[PDB]
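Visitor: One structure, pasted below without further comment.
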Amino acid sequence: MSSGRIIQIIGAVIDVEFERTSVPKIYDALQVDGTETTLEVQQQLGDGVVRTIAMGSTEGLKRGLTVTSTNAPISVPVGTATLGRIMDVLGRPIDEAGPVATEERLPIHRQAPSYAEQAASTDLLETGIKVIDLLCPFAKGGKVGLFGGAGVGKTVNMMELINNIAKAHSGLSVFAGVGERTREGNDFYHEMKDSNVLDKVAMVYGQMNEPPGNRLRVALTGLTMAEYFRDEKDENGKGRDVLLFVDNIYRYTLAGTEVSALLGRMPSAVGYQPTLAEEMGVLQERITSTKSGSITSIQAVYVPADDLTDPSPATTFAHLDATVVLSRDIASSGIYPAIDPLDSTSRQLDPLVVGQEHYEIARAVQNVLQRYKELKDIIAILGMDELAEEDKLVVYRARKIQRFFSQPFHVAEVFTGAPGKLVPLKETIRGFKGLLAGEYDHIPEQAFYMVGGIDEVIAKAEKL
Amino acid sequence: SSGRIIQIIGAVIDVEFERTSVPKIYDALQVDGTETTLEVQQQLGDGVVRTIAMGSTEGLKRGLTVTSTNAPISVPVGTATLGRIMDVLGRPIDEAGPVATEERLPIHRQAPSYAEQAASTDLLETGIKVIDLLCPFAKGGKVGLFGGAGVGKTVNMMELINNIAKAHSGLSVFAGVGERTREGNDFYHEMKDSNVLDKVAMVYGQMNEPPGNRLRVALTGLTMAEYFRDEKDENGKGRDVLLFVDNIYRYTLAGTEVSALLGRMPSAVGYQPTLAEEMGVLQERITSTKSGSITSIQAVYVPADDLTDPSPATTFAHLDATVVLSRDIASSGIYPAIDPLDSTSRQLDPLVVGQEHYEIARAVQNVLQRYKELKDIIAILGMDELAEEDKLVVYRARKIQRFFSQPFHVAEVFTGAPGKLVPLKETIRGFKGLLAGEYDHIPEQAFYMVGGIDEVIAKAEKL
Amino acid sequence: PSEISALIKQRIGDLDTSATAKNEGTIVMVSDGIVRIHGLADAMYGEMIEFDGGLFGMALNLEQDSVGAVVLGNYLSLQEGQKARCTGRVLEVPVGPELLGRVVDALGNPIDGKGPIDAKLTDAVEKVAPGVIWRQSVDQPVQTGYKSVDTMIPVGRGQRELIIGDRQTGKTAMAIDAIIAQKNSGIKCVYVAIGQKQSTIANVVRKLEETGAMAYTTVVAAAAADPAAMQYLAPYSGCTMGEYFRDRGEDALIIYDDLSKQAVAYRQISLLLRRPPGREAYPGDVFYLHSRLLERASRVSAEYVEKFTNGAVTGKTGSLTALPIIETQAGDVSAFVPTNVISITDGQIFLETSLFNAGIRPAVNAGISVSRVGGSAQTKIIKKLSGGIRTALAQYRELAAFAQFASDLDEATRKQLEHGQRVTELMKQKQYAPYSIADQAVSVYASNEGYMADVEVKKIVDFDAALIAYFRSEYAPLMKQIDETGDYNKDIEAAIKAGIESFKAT
Amino acid sequence: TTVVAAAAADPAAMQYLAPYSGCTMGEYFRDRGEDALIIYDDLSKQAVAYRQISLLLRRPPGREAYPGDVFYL
Amino acid sequence: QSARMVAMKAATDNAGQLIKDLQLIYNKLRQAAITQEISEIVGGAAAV
Ligand SMILES: Nc1ncnc2c1ncn2[C@@H]1O[C@H](COP(=O)(O)OP(=O)(O)OP(=O)(O)O)[C@@H](O)[C@H]1O
Ligand SMILES: Nc1ncnc2c1ncn2[C@@H]1O[C@H](COP(=O)(O)OP(=O)(O)O)[C@@H](O)[C@H]1O
Ligand SMILES: [Mg+2]
Ligand SMILES: [Mg+2]
């Protein structure tokens, strides 16, 4: 018969026996016959008995209660209507916007793309954030870890990213909240709501309070979302590219460690799920650019124990295509975005990749900034007077670079009425290389604050 | 009578036996299909016991038949085993025909009695400054090369074999234990270039071999040497026995490999609990007795370069002659890289070494000790902000370090500079002259990678 | 059209012509591609295992009443009770020269999607090392297209030499260059991808076919997402394919990439078998587990070739050279697995983080990087010109180290420092910049002749390149002659210094 | 105000369970549309006791003998 | 005065490099210890 009954449960573990003729395969959906609790097939304990974890609470439930199968893994709806809705792990409405209209659903646990499906080329992913555009340029199917503390508009940063991707290239965006600090999630919802960006992104949060399994699986949930969206192709083929932001995959690792303990198998060397690398690859290699269409992913990450030798960041670095860090003092200097420009690094920093001239200009700029940091200490301890003249020029020009980095945003535009800044590559570089000639030493550093292109800078200098 | 295979895990086997016939704990068990052989280890009882295999574990199924020899592993023994290359079974690998003699000897035996030990009181001059200075030897003692991976455990042995071999005349044996095949073959050909090739015998149990083979590999050669020491010359006794161990750590490692499969427990790190007793059993059958003299050299790999590991710790309880290598000294390019301090010798006796030897050595170690101590502050502070005598001692010790740096006769392979053999008298006089400060005006470069003090004079005046 | 019809008809008239006697065992327990099967007694340890799903298995545990085994691929379509048969035959893999220009499954199945390829020979994967009486001393060079590498750290045919460094510090690019060097040599070269990103994979590929190297070349891949079994097993298979030509008296070359992943994957798998671990979760055999594979590469005797091919050859000594890869955490050379592997290799190379951070590409920590063989493969020119220069610069490193907290420097220290600076700048090259022998030959000549301690610090490399141009233009027959031979004559160096003066005049 | 006590001499179970109770009583007045505040004391010893129980419950050991469910809790 | 500043700057540099040394030492030692007690726990649990 197509259902079984509860035979034993401990902790988060559930056991049910079946007949030998009907027993599901792994990951298939199992609904508790009598409540809304759902069970995920994990491994076959034999004797008609199989082990599963329930999605949701563990009470209200006692042995002998029947539980059925769907003989299929978790299938959650996919469609354009998914935008603007916040859903549970099971893709069930939690914004109280009614049930999702789209009944077109797809399975989750699915195979990574083929070798043939590996996009045969690599090319620079673009955006409007000059420091991103130059100091850490991205590529489609990109994976960058984010670093920093709290109080810098990380959310705001993402908002501008989504606005730009939906504007320039109509690239879609989805977010997954893993271990969300519920209040912060609500606040972020309101924030993305006042901004009309709400309509352009799909929302599911895994609140840390939940049973660790669903918290684990929300990742693949949003992953499948993005897969469908990119594979959702307009005319002429070549569907749009999609963007994914993942909330602190470190929390995901923690949940994996939890559930690893839950099965009651071996805790690893430092103590982790030993299979962590495999599920890493499950995540990563399922995300890239395709032969037609791409999905790029930007992921929050916290470093436990502030160490770079514990396993989690080590495994993480196997996939971080670039490094982006946020510095507190930079925000304290009113510089926005408050990204530390000098130390965030991109693997995609080769003249082979970024372009020869582009590479040279970037190298020179970072050299200048490095020099300036070597200088400002001697300045403060000895006054700006005691420097060589070229040293002073470097000081002023680098500070001009920092000011030029300061820019308003279209997200800031609604926040405080002021036209946002949109700037591509080869638009920044012209002004930068001109600055390398020192042709703006007459131009005050103030003429670079909260400004877009170098033409706008010179216009400001005119009005100033 | 015969047995049948019932389970296969890794490299450990179990077999069913008739209630009438249960072979003793140590016997050869022939695979009735192949050449594969088995040794018993555990009496699992109820007509079933546990064993390991020697050779490949493949081509083996369950229920297959195996006989017993009713005889433990007893291998061919005698001088007809010299100049030959044997397996772990003591069978030719050189393909120079089967061995001639018919005498066999079991690999297992109890240790010799207390009433049989000997006073190894015979020194040795080698030609390596640090060794003959710091570690006087007893002809018949145990010589271990404590060192990490790639510190020069093999090199230090090759050069000694050169020097030792040429300075000696008589029996000698080598047994490759779990090492790179290339180095072993190269050594074999080098020995073939020599002629004591005849005087010696070869056997290689190498890393490629299965761990069952890897375990009882030393037993062969050690038993060989024990015989030859007990093999008395007519109107005389046994001869001077040259023994050379190659990473007994490999044997320890195999014991670790097997213990869990043996139904055994995991030591404080994971070793077999029985590691100490088996190491002692191994070592005790190694001694120069009232009969004959046995001289043993031990290759001592050090896991992760750690001393506090249980195995080295146990090892010191076994080695009268202790020689230790360092990674940082090699990081300084000093070849060899033996640490002066920890490598010690119980032969270091003023009534034995002569007063001047003793006191000069002690003063040297004292100087090095202060230098190492002050290393911290000199790293922190400026070298100039120190007392003058302190700085003098610093330069003294550095020049001492350099004066230890010596080219070796086989070391010219990676350098080209001709190796040296420095008589102990030159060493003593040169070190005393340094400690006298007769050379404080001499550039430190004049002492690097040299031999005797006269070489130092030539280098300095050249410079 | 109809040709496929005739082919399929005759392939159908070919086989399945009769029933077959066989033995089955059904599933008992499953977890993570690790399964418990009961009912097969005729089984072989690690044999191929038949399954209705079309996949296969390798046998692990021969207990009294069942077997545990390992999947080869994913297993989500598997469940207890299904049918599971035995091949009665050991693990194998197709091997042949046909593999050239192809990248396939870790079980030799074309992932390129360029048609399946038959290999008239197939060989078991797990094999043992040859006999000592068949080994041959390394005597033949291998060129790396480098100055720093080829000179200070010689590597000959058949040597094993680990490469160790950090992330994005230049670990592979080096091996790649070495392979490209072998283009003209025509030696056998083959590389294995082991648990890395397919993006990186296709990058390597596209580079290779750009070079056109992927015609005397074969590569197989273990994807980072593939279930750990293939990661564990693949390097053995790659060694198996490589040994084919060494088994034919033909020198061979293998490149192992990131054995660390394979090591940890095996650790995990074996631990899932609940076996007790040693230090940092690694079991003991891991040392053996890798080393046994490593020993399979060596330079062997033509006599061994004859013993292998029993008349099928005239007898030439074969070899296989090994390129393993292990990464170091925070530059911990003393790390456990590194300590294990260094005890195995015939030598090692380590790359310094800061110099690559300082832009030095490559960035050698020559301080600890040596070969057991050393000067048994270099050309007499190279071998005589080298010999202590690596030691000299190593001591220059420590001199500079000591020369920062002391204000006194004698003329010996002064000269050592100043010449170390020049030679340091002398050891630079570009990515994909190979060298002919005369290149580094004249460079080191100039260095030893002090012809560099005289010219501008920065202009060193410019002088070098312009010198190469100067000579290979004017002296092209000269360098052609010298590099075609590898032998030095004094009149040759007379011509060299004549060119030295002429170019210094320019 | 009110206080609930889990003395050190008490059996570990009640100590383990009390904080949730006090939470429930607080939520009462949260559910009463008003506001109040709660203080949580010695959660470390609470975890200690819970670990001991789990051990006596034959539950699989965790890092520092802590099954991961503690963070969940 | 100048030379005192130089010497004290050098002292600062020495302290910084040692500081890096100590973070690395602490990290490895902590990892090793943690793994060690984990080994003890897993050994103990296997008993009963
Ligand atoms: N000679 C060189 N000059 C300049 N850059 C170089 C040189 N050699 C290698 N590189 C650069 O080193 C960078 C990092 O090395 P690469 O990404 O190829 O592999 P890797 O060091 O093994 O790192 P991973 O851990 O990602 O595998 C490459 O992007 C390459 O361009
Ligand atoms: N006497 C020496 N002087 C200088 N360098 C040496 C000397 N011996 C060895 N080296 C180098 O150090 C390496 C390690 O030597 P080896 O004895 O083989 O180490 P291991 O303990 O691993 O067996 C050698 O391959 C050689 O390159
Ligand atoms: Mg060694
Ligand atoms: Mg790489």
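Placement of Cβ uses the backbone N, Cα and C atoms for every residue, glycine included.
Here's the feature list from Swiss-Prot:
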type: BINDING; residues: A:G148, A:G149, A:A150, A:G151, A:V152, A:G153, A:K154, A:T155; note: ATP binding site
Visitor: Out of the binding-site residues I have (A:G151, A:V152, A:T155), which ones have their Cβ sitting under 6 Å from ligand 3?
Guide: none
Visitor: Tally every other Cβ atom lying within 10 Å of the Cβ atom of A:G148 (ATP binding site).
Guide: 21
Visitor: What does DSSP call A:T155 (ATP binding site) in the simple three-state scheme?
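Guide: The residue in question, A:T155 (ATP binding site), is helix (DSSP, three-state).
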Visitor: Applying a 10 Å Cβ distance cut-off over all chains shown, what neighbour count does A:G153 (ATP binding site) have?
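Guide: Within a 10 Å radius of the Cβ of A:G153 (ATP binding site) lie 19 other Cβ atoms.
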Visitor: Determine which residues of the same chain, besides A:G148, A:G149, A:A150, A:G151, A:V152, A:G153, A:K154, A:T155, have their CB within 8 A of the center of the CB atoms at the recorded ATP site, and list them by sequence.
Guide: A:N157, A:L326
Visitor: Determine the Cβ neighbour count for A:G149 (ATP binding site): the number of other Cβ atoms within 10 Å of its Cβ.
Guide: 11
Visitor: If you count the C-beta atoms lying within 10 Å of each candidate's C-beta, which of the binding-site residues A:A150, A:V152 ends up with the smallest number?
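Guide: If we count Cβ atoms within 10 Å for the binding-site residues A:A150, A:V152, the smallest count is at A:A150.
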Visitor: Using Cβ atoms only, which residues of the same chain lie under 8 Å from A:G151 (ATP binding site) while being at least 6 residues apart in sequence?
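Guide: Counting only residues 6 or more apart in sequence, the Cβ neighbours of A:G151 (ATP binding site) under 8 Å are A:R328, A:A331.
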Visitor: May I ask you to report the DSSP-based helix, strand or coil state of A:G149 (ATP binding site)?
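Guide: It is coil.
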Visitor: Sorted by position, what residues of the same chain at least six away from A:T155 (ATP binding site) have a C-beta under 8 A from it?
Guide: A:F188, A:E191, A:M192
Visitor: Name the residues of the same chain, 6+ apart in sequence, whose Cβ is under 8 Å from the Cβ of A:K154 (ATP binding site)?
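Guide: Residues satisfying the criterion: A:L146, A:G148, A:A300, A:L326.
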